[PDB]
Amino acid sequence: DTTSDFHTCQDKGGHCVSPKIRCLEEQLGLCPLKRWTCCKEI
């Protein structure tokens, strides 16, 4: 991508969390970094 235009993480569910964060509910989206999960609240 040249710009953020897609189904992101924080938008449909919750914010992007680094692969060591308390996930209340894990969901699917786009986070630009690493193994960052889209977590619906922490």
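Okay, so the sequence shown: first residue is 1 according to PDB author numbering, each after it adds one.
Ideal Cβ positions, reconstructed from N, Cα and C, are used throughout, including at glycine.
Can you give me the start and stop residues for the beta strand (DSSP E) that residue i sits inside?
i: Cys38; result: 37-39
i: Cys16; result: 15-17
Expressed to the nearest angstrom, what Euclidean distance is found between the alpha-carbon atoms of residue i and residue j?
i: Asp1; j: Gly14; result: 21 Å
i: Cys31; j: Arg22; result: 17 Å
i: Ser4; j: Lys12; result: 14 Å
Which partner residues of residue i appear in the DSSP bridge assignment?
i: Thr3; result: None; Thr3 has no bridge partner.
i: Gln27; result: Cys38
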